Amino acid sequence: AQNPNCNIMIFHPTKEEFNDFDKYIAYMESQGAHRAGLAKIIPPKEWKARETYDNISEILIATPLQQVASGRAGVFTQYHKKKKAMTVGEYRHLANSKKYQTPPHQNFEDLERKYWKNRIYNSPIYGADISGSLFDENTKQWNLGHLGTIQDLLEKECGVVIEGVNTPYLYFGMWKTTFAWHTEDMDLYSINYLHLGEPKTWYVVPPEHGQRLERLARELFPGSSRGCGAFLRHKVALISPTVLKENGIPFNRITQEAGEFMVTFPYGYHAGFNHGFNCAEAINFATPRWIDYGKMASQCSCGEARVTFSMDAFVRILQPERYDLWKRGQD
Ligand SMILES: O=C(O)CNC(=O)C(=O)O
Ligand SMILES: [Mg+2]
Ligand code: NI
Ligand SMILES: [Zn+2]
């Protein structure tokens, strides 16, 4: 078995290897990459997502989210308070302000320490889930706006034609902006490209050990657990590396820098934070190996997790028994 310790692997494809996305994902899995839940892909040096980022300031963040924390430093939840719209230029200025900017630090480890120590005492503002792309249409390789669609994958593998579309989303981050512990909708893959700015630190649990994280989360967030049998789908709970170590949960961590891709694999729980002003783009995708994960994916039926139009069809076709109750949650 390749990669038996489930380490995060880092890949450096050549420009030739960067042509066929599906084939490279399948290559990575042949080397065991999926066992970690997360992989880093450094693009060939010849490749670029677009020519410059000089003209992005007028993108609108229609609903910036203020991430308010509750709990203790290593075990907290966050709630997203909606704020008034602002441009990316306005947001970058805010991110760079004295109130929100990254503190002085020695290296990524010292900044990680400061994040876990101090995150709860601040409420950074996140521009998340903004439909759109920053890839130039002329970028032909690993262009997250030109991937094959999950609906087309399901059709190719299973023969069923379904409605729905699959488009990317932009994320504008600042210091301390946080992504809570989650897997993807329907335990899909994700791919995330850090277009610009400061790094993003990731933590991940190997898929084969995801239930260990779930069991800890039910112990640590006991009222949330009683309220919903898949409450990590709410994307609000954080647990620090120190806490994970204290409870024997297997995990790994890695820092993504501008110009790098990360891939999350089916049922790879992940969480993380941004080091400073940055912009990422991400999208879900599928492969043949995903299908069985999609069939087994948990679902939130309490009604909090409230998810896309396109997830309907996935549930309907892959989880017909759940369909009924899950759609009661979504209506
Ligand atoms: O970058 C973020 O805030 C969150 N991204 C992801 O969870 C991802 O790409 O799967
Ligand atoms: Mg603009
Ligand atoms: Ni994710
Ligand atoms: Zn729920």
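Order of listing sets the numbers, starting from 1, for every ligand and every atom in it. We number each residue from 1, following the sequence as shown. As a basis for the values below, the full set of heavy atoms in this structure was taken, side chains included, without hydrogen atoms, waters or symmetry mates.
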(message) Do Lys23 and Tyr27 form a cation-pi contact, if we require the NZ or CZ to be under 6.0 Å from the six-membered ring centre and within 45 degrees of the ring's axis?
(response) no
(request) Using the six-membered ring wherever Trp is involved, compare the ring planes of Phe261 and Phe135 and label them parallel, tilted or perpendicular (cut-offs 30° and 60°). (result) parallel
(request) Kindly confirm or rule out an N or O of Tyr171 lying under 3.5 angstrom from an N or O of ligand 1. (result) no
(request) Using a 4.0 Å heavy-atom threshold (strictly under), name the region of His270 that reaches ligand 1: side chain, backbone, both or neither. (result) side chain
(message) Show me which atoms of ligand 1 lie under 4.0 Å from any heavy atom of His182.
(response) 7 (O)
(message) Show me which atoms of ligand 1 lie under 4.0 Å from any heavy atom of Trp202.
(response) 8 (C), 9 (O)
(message) Are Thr264 and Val204 packed together at the side-chain level, in the sense that at least one heavy-atom pair is separated by less than 4.5 angstrom?
(response) no
(request) Find all atoms of ligand 1 within a distance of less than 4.0 Å from any non-hydrogen atom belonging to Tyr126, and give their numbers and elements. (result) 1 (O), 2 (C), 3 (O)
(message) By the definition salt bridge (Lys or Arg N to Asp or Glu O under 4.0 Å), identify the one residue from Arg253, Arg119, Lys176, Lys200 that meets it with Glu112.
(response) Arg253
(message) Are the side chains of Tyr91 and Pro64 in contact, using a 4.5 Å heavy-atom criterion?
(response) no
(message) Taking 4.0 angstrom as the limit and counting only heavy atoms of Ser190, give me the atoms of ligand 1 inside it, by number and element.
(response) 8 (C), 9 (O), 10 (O)
(request) Go through ligand 1 atom by atom and flag the ones less than 4.0 Å from a non-hydrogen atom of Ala282. (result) 9 (O)
(request) Report yes or no: does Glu184 have a heavy atom closer than 4.0 Å to ligand 1? (result) yes
(request) Looking only at distances, please establish whether an N/O atom of ligand 1 is found under 3.5 Å from an N/O atom of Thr264. (result) no
(request) Fit a plane to each ring of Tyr171 and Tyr126, take the angle between them on a 0 to 90° scale, and name the class: parallel (under 30°), tilted (30 to 60°) or perpendicular (over 60°). (result) tilted
(message) For atom 5 (N) of ligand 1, what's the nearest protein heavy-atom neighbour? Residue, atom name and distance, please.
(response) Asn192 ND2, 3.5 Å
(message) If we check side-chain contact (heavy atoms from CB on, under 4.5 Å) with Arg50, which of these qualifies: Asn138, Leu134, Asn143, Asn55?
(response) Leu134
